[PDB]
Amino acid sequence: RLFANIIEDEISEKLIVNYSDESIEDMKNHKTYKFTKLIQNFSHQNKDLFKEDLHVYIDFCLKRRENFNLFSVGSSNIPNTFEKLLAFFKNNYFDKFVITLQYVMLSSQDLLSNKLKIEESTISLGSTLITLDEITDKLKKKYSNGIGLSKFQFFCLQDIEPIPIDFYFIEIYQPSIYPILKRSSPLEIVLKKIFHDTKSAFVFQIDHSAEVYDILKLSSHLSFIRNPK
């Protein structure tokens, strides 16, 4: 599942956006890039991606109790994706789930403060844990060097003994990391555990940046990742 967040008024004429076909042709590199969905976005009227196809994706994994992820891949122009994600869960799930968050920068650094193990069922983080309702007006210090790794646990209120459904939100805004992602190193173990044991979805920021061509190339490799079997 590959989404292109098209910053339309900023992209070079060397990239040809085809909404009908959901494709981007790179006239510089003589290569065409296909996606699940192009999202038409603008620099001053900023869309919430969670009111589009992602909503359905998220909702489906939750109802099916399948562990899942979303990758946000971009550059220096950091989208508002993290804050809208928090807002989306507040508005839709607080009544069916107890939801926890742990948030780290990985290379580790705990982004919520005043251990990182691979297990069969989950990735265990030893950083600070909060429930999402603990986020109040008095709480800026976001990842926006390595990767941003958020782990949400959803404990369904309908269950007498809930197995948490894990959701991973992974922020990759450092061009250095694209090769590590492609190859999928400590990061490689994490990344490969996520691609193998959780359903995947990707959003790529397509804008002004000099990395846009590499972001596109990167999407081409990520387009081969399959559902955990």
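Residue indices: 1-based, along the sequence shown.
The gap between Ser107 and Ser108 holds 4 to 9 unmodelled residues of the deposited sequence. The gap between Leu139 and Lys140 holds 1 to 3 unmodelled residues of the deposited sequence.
Taking the PDB entry as given, 48-56 carries the higher mean Cα B factor of the two stretches 160-168 and 48-56. In this entry, 175-183 has the higher mean Cα B-factor, the comparison being between 196-204 and 175-183.
Note on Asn77, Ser72, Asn92, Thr100: the highest value goes to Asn77, judged by CA B factor as recorded. Set against one another, the Cα B-factors of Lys84, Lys117, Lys96, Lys151 in the record reach their highest point at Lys117. The PDB entry assigns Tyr33 a C-alpha temperature factor belonging to the middle third of its chain's modelled residues. Among the modelled residues of its chain, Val190 has a C-alpha B-factor that falls in the middle third according to the deposited record. Ranked by Cα temperature factor within the chain, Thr131 sits in the lowest third according to the deposited record.
The deposited CA B-factor of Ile39 belongs to the middle third of values across its chain.
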